[PDB]
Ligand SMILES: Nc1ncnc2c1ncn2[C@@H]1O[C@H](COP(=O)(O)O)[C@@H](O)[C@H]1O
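One chain is shown next in structure tokens, namely the form deposited without the ligand.
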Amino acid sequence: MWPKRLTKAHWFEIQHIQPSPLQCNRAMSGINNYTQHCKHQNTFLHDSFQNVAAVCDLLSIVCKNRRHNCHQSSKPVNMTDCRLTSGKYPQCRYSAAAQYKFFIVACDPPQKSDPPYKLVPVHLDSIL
């Protein structure tokens, strides 16, 4: 699901693009303010948007949802895994775990208001 007045690609950026790494409790409010609920888990990718978008041009592989719009990053990236440890919104508190892993993104053509790449990331399908 995504906030219905946004596109999937915009929500993907909100949730997962974080080249400037942040503390989980601070960063997670940007996500949770949209839903008024504490998300249980979220991965922040510490790479620039354009480096994530470039992954969309690599070999297409099957996603968990069995679409064929997934792509494996060419390199591992730094990430932060934020996991909910206590609270109901707005008092959401998280633990953080540092990771350095490959990721698999799903991409689709942009929808109205997205930047005019051929393909934009829409889901973080998995990490490796």
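Note that residue numbering begins at 1 and tracks the sequence as displayed.
One more form of this protein, solved in complex with the ligand, exists but is not displayed; see below.
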{"property": "Selected contact from 63, 27, 84, 53, since only one has a non-hydrogen atom within 4.5 angstroms of the ligand in the bound PDB entry", "result": "63"}
{"property": "Residue 117 within 4.5 Å of the ligand in the bound PDB entry, heavy atoms", "result": "no"}
{"property": "Partner contact for residue 67 in the bound PDB entry: the ligand, 4.5 angstroms, heavy atom", "result": "yes"}
{"property": "Proximity of residue 124 to the ligand in the bound PDB entry, heavy atoms at 4.5 Å", "result": "yes"}
{"property": "4.5 Å heavy atom contact, residue 13 and the ligand in the bound PDB entry", "result": "no"}
{"property": "Stretch in contact in the bound PDB entry with the ligand, which is absent here, among 96-104, 30-38, 67-75, 45-53 (heavy atoms within 4.5 Å)", "result": "67-75"}
